[PDB]
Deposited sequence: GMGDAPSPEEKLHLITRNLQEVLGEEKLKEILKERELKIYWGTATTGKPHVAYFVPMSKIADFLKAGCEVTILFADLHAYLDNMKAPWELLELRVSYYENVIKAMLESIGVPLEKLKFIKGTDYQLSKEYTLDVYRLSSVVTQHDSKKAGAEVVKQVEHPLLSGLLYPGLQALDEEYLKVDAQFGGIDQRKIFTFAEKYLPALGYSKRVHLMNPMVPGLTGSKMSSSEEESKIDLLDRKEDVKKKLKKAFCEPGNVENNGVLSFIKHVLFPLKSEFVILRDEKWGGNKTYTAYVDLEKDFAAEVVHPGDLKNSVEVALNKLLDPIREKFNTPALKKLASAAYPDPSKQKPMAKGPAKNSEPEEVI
């Protein structure tokens, strides 16, 4: 039975920014927070998705009612990042792999709600609100709201202007108090705080993670897929940006900070007896200090992350080791 103060700590730890602290505290004084996270069903999710999933885990630990939105219409509206025929296959792939990630990090699925955008975003009342919103949002504001999220092409399409407006309306139709996403969503979040009240709807609390550098190319591609075999995880980890003593733009350290510490509350560095043997850290700042002092070597850091990451991936790889899930993976991502 966590106190409102303990819930607030669980909910907001590791975030880059909280908008709406006043209302957030008002809610936690009385009841559970209702929050959602959305993802457009576009490319294959990679290990970076453990970063938002670790905050989802925190939200459930705090007692929140959590909704996960598979934003299939949004994937279509974002420059057809998922063509319309493949959408429902993409939703199935996303649902299976996101549930597998949550099961792997021990998140109880029975208190989560999963919904796909097209379950309600084609309804008459929602569509009427899209038109009501379109009558107050300028073309200027919808273009700028999506600048960091929607793909920016030479001749922008009308769909790209619709995208942020629907993401705002989703807060009302999912009946939430708050929306969580990475800080790349910030301009959509502030757009929603401005325009939802123009429709008679309350502004929501917005919770924003930092954009965490990947476990590969410095801060694009070459990422680690959730279904990569151990040997491919090992190979990709060797090439990760991880300079000795350099605690910035370090995707290996960032994964520890945002995924492994919240999961386990500790992190063990594997190290030879010659250099002091293993050491258990209870706080990220202590590990960071040792890495800056160069008494945690990059190779030992990578070794330690490799062991923990393969533990997270093992049940996922097992789950997708089914004839039906192998066919789904290939069918959702053909050529």
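**Student:** Quick one: where does the model skip the deposited sequence?
**Tutor:** Since the structure holds only modelled residues, the stretches it omits are 1-4, 224-228, 345-365.
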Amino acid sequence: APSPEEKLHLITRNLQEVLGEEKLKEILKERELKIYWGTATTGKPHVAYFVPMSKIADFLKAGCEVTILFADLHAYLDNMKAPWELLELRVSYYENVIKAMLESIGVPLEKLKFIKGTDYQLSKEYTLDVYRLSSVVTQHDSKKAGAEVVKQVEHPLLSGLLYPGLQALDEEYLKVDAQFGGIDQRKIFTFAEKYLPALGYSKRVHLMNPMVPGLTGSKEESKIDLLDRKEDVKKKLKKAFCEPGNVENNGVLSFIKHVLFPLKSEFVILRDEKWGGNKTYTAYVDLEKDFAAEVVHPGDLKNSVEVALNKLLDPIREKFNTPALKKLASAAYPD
From here on, numbers count along this sequence of modelled residues.
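For the two forms, the rigid core is made up of the largest set of C-alpha atoms that agree within 1.5 Å on superposition.
**Student:** Fitting on the core, do the C-alphas of 78-86 or of 181-189 deviate more in 4 other deposited structures of this protein?
**Tutor:** Once the core is superposed, the stretch further away in 4 other deposited structures of this protein is 78-86.
**Student:** Once everything is fitted on the core, do the CA positions of 94-102 or those of 107-115 lie farther from the shown form in 4 other deposited structures of this protein?
**Tutor:** Once the core is superposed, the stretch further away in 4 other deposited structures of this protein is 107-115.
**Student:** In a third or more of the other compared PDB entries with flanking residues modelled, does residue 216 go missing?
**Tutor:** Looking at the other entries that model residues on either side of it, residue 216 is present in every one.
**Student:** Do the CA atoms of 65-73 or those of 27-35 have the higher mean B-factor in the entry?
**Tutor:** Comparing 65-73 with 27-35, the higher mean C-alpha B-factor belongs to 27-35.
**Student:** Mean Cα B factor from the PDB record: higher for 11-19, or higher for 315-323?
**Tutor:** The entry gives the higher C-alpha B-factor average to 315-323.
**Student:** Tell me which of 148, 129, 110, 171 tops the list for C-alpha B factor in the record.
**Tutor:** Going by the entry's C-alpha B-factors, 110 comes out highest.
**Student:** Compare the CA B factors listed in the entry for 137, 100, 162, 87 and report the winner.
**Tutor:** Answer for 137, 100, 162, 87: 87, with the highest C-alpha B-factor.
**Student:** Residue 237's Cα B-factor: lowest, middle or highest third of the chain?
**Tutor:** For residue 237, the deposited C-alpha B-factor lands in the highest third.
**Student:** Residue 279's Cα B-factor: lowest, middle or highest third of the chain?
**Tutor:** Answer is middle: the recorded C-alpha B-factor places it there.
**Student:** Comparing against every modelled residue in the chain, figure out the third that the C-alpha B-factor of residue 181 lands in (lowest, middle or highest).
**Tutor:** Residue 181: CA B-factor falls in the lowest third of its chain.
**Student:** Split into thirds by Cα B-factor across the chain's modelled residues, where does residue 217 land: lowest, middle or highest?
**Tutor:** According to the entry, residue 217 has a C-alpha B-factor in the chain's highest third.
**Student:** Ranking the modelled residues of this chain by C-alpha B-factor as given in the entry, is residue 204 in the lowest, middle or highest third?
**Tutor:** Ranked within chain, residue 204 CA B lands in the lowest tercile.
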